[PDB]
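Visitor: Sequence first, structure after, both from an experimental entry:
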Amino acid sequence: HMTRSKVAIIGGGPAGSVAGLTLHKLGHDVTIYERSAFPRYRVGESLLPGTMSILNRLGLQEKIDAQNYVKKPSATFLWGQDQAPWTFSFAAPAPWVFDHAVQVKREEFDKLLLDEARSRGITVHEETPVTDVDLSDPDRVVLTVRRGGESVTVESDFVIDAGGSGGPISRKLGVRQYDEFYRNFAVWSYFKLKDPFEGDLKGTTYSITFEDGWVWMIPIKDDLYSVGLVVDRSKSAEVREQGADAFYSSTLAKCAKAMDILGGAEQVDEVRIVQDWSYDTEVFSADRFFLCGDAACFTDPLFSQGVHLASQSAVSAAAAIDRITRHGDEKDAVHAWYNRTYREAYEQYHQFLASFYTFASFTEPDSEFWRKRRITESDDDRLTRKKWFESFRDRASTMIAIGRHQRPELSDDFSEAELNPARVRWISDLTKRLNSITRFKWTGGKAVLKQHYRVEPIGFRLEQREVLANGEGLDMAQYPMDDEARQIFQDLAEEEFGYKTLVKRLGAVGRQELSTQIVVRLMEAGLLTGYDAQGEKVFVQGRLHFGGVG
Ligand SMILES: *Cc1cc2c(cc1C)nc1c(=O)[nH]c(=O)nc-1n2C[C@H](O)[C@H](O)[C@H](O)COP(=O)(O)OP(=O)(O)OC[C@H]1O[C@@H](n2cnc3c(N)ncnc32)[C@H](O)[C@@H]1O
């Protein structure tokens, strides 16, 4: 209980800094090894509310307010050809809950976090690459580090690899699993251009489909836009052959709505490229190591999840190391929790992504980009799927409908309030479906409490919580339940009462304000199935934020 660990951290990007700040607040002894000198240039500029929340709870609010980062209200999508625009609002009602995020210059943002780490007495070595990581001694971790021109050797109780896509551990272990099809390749530059919108659109992140993929437009200053192409890795050869500059301009010129908003603006930087393929890992952590951020997995940046998942996993890996340090018998359970949680985030962002790419594929040409990414299924499943012609994948269908602008084209006429009717209409539809449920069935014959972990948001400790499950381990981990609320569900499994009874029984035990969320989550978890008065199944899903929002 008074025991704390010595922890080496490879990499001082967002995963590294957040991991070190969190481990320090949890009372551990942190060293961060970063191979570069800061500031150093880095792409990946558009952030999420969930990450601001984390930084706020770690005490960075004043330093961040000081920076005057461009504020981001939402993300806007021009998705498919001749489609109305849609926007994903960051609108949301605790002190750390954020309704917006920001856009940053990563060289400055990353250096701000790292300098904060320094100021708290965390040891930081810049220009000190970690050259080898040895885990074969089960009692310790030993790193080899290049200090000056000398190899120096250092031991620690734990190691976090936050070294980004080039982190040494996943490579060393050979546990990286590249996605078979999501092999994105990016080519980008900067323009001098002032946000052309004054209304609710100002500061929004634009993602815009064309023949060979999509274009991003991020305002990182008053008059500065990051403008990137995401294309298939099959375009590597063209860039190799014809040069990135020529590839960049002739490709970007193919995206009319993008040239539309650009309009003669001046290109104000060189163009860079990189391979950004999706991949996860067989192992997110085991024994004395954790992988965090791109070192663990990489998600197609369409929804700007990257820095958020680096931050979230960094906080989780910190809490995990703390828990194991104070309760060493829980080692296996804690690693199983870290692996499950990261895997589930990765896999469900991927499933969701597949939906979005498929929707654009109906109006974009049959290029290798769209063909690799759109859902694979029978000629007949696909023609049926132009059920789309007339509006995870209903989850995405939902988001798009709610966010649909009420005119055919993108304009400063847009206000987020014009989205309120479709929102409300979705809520009324959800309310209508739940109310029609006169009979519920439980999956299995037993309702049980199962052990689960949760990071406490204020102090960051990993706490134990009992969640609802069946005998066969299926669970709904998002809410803490007791023997008392479990009884509710055992009675349900036996008597199969409907929605009205379930709401009442929940209210009766203090859970009146969560009850709608509780039953929706149980439905999505496949633990509850609902039936209407005519005996037909009733399908409910109430998701529709992508992670790090709302
Ligand atoms: C590729 C890409 C990614 C991207 C993006 C657009 C593109 C083309 N747009 C994004 C966006 O709009 N919003 C967002 O949140 N993310 C976006 N991304 C992805 C995102 O940039 C990454 O997920 C994020 O950078 C990951 O953070 P993480 O902390 O995991 O990794 P990092 O930023 O690469 O930092 C790693 C540091 O480690 C150092 N390093 C590497 N190896 C060593 C060794 N061996 N020893 C010591 N240090 C090491 C690197 O120097 C780096 O600083």
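Guide: Cool, the structure landed. Residues are numbered from 1 along each chain as shown.
Visitor: CA atoms for contacts and neighbours, from now on please.
Guide: OK.
Visitor: Distance check, residue 414 against residue 199.
Guide: Residue 414 sits at a distance of 7 Å from residue 199 (criterion: Cα to Cα, to the nearest Å).
Visitor: which of those two has more neighbours?
Guide: It is residue 414, of residue 414 and residue 199, that has more neighbours when counted by other Cα atoms under 10 Å, with 19 against 13.
Visitor: Verify the stated contact: that one with residue 200.
Guide: Yes - if you go by Cα atoms under 8 Å, residue 414 and residue 200 touch, sitting 6.7 Å apart.
Visitor: can you list contacts of the longest strand seen in the chain?
Guide: With secondary structure taken from DSSP state E, the chain has its longest strand at strand 176-192. Strand 176-192 has contacts (Cα atoms under 8 Å, 6 or more residues apart in numbering) with 170, 223-233, 235-236, 244, 248, 265-282, 296, 300, 372-373.
Visitor: how about a cut-off of 7 Å?
Guide: 170, 223-233, 248, 265-282, 372-373 (Cα atoms under 7 Å, 6 or more residues apart in numbering).
Visitor: what do you get for stretch 317-335?
Guide: With Cα under 7 Å, 6+ apart as the criterion, stretch 317-335 contacts 1, 3-5, 19, 22-23, 26, 285-286, 290, 455, 460-462.
Visitor: Pick out the most distant pair among these.
Guide: Largest separation among those by Cα to Cα: 1 and 285, giving 22.9 Å.
Visitor: These two - which one has more neighbours?
Guide: More crowded of residue 1 and residue 285, by other Cα under 10 Å: residue 285, with 23 against 8.
Visitor: beta partners for the more buried one?
Guide: Under DSSP bridges, the beta-bridge partners of residue 285 are residue 290.
Visitor: still on that earlier bit, out of the contacts of stretch 317-335, which are buried?
Guide: 4, 5, 19, 22, 23, 26, 285, 290, 455, 460, 461, 462 (16 or more other Cα atoms under 10 Å).
Visitor: Let's see which of the residues you listed end up in helices.
Guide: If you go by DSSP state H, those have 19, 22, 23 in helices.
Visitor: show me the contacts for the residue nearest to the first one when sequence neighbours are not counted.
Guide: Read it as residue 19. Nearest non-adjacent residue to residue 19, counting by Cα to Cα, 6 or more residues apart in numbering: residue 314, 4.4 Å away. By Cα under 7 Å, 6+ apart, the residues touching residue 314 are 15, 18, 19, 292.
Visitor: and of the buried ones among the contacts of stretch 317-335, the nearest to the ligand?
Guide: For the buried ones among the contacts of stretch 317-335, the closest approach to the ligand (Cα to the nearest ligand atom) belongs to residue 19, at 9.4 Å.
Visitor: surely that closest one meets residue 315?
Guide: Yes - assessed by Cα atoms under 7 Å, residue 19 is found in contact with residue 315 at 5.7 Å.
Visitor: Can you name the residues of the protein that neighbour the ligand?
Guide: Within the chain, the residues that sit near the ligand (Cα under 6 Å from any ligand atom) are 10-16, 33-36, 43-47, 129-131, 162-164, 166-168, 186, 276, 293-295, 301, 304-308, 310.
Visitor: now, which of those residues lie within strands?
Guide: Per DSSP E, these map to strands at 10, 33, 130, 131, 186, 276.
Visitor: For ChimeraX, write the select line for the buried members of those.
Guide: Restricted to buried positions by 16+ other Cα under 10 Å, the ChimeraX selection for those reads:
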select :10,33,130,186,276
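Visitor: OK, now which residue of the stretch 451-550 of the chain is nearest to the ligand?
Guide: residue 548 (10.0 Å).
Visitor: If I follow the layout properly, that residue ends up in contact with residue 50?
Guide: Yes - counting by Cα under 7 Å, residue 50 is a contact partner of residue 548 at 4.1 Å.
Visitor: Looking at the two now, which is surrounded by more residues?
Guide: Legend: neighbour count by other Cα under 10 Å for residue 548 and residue 50, higher for residue 50 (25 against 20).
Visitor: Checking my notes, that one in a helix, right?
Guide: Yes - checked against DSSP: H, G, I helix; E, B strand; the rest coil, residue 50 lies within a helix.
Visitor: That one: what's it in contact with?
Guide: So residue 50 contacts 308, 548, 549 (Cα under 7 Å, 6+ apart).
Visitor: what does residue 166 give?
Guide: By Cα under 7 Å, 6+ apart, the contact set of residue 166 is residue 295.
Visitor: returning to that earlier point: please render the contacts of residue 50 as JSON lines that adds distance to residue 492 to the earlier fields.
Guide: What follows is these, written out as JSON lines (distance: Cα to Cα, whole Å):
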{"residue": "308", "distance to residue 492": "38"}
{"residue": "548", "distance to residue 492": "33"}
{"residue": "549", "distance to residue 492": "33"}
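Visitor: closest to residue 530 among those?
Guide: Comparing these against residue 530 with Cα to Cα picks out residue 549 as the nearest, at 28.4 Å.
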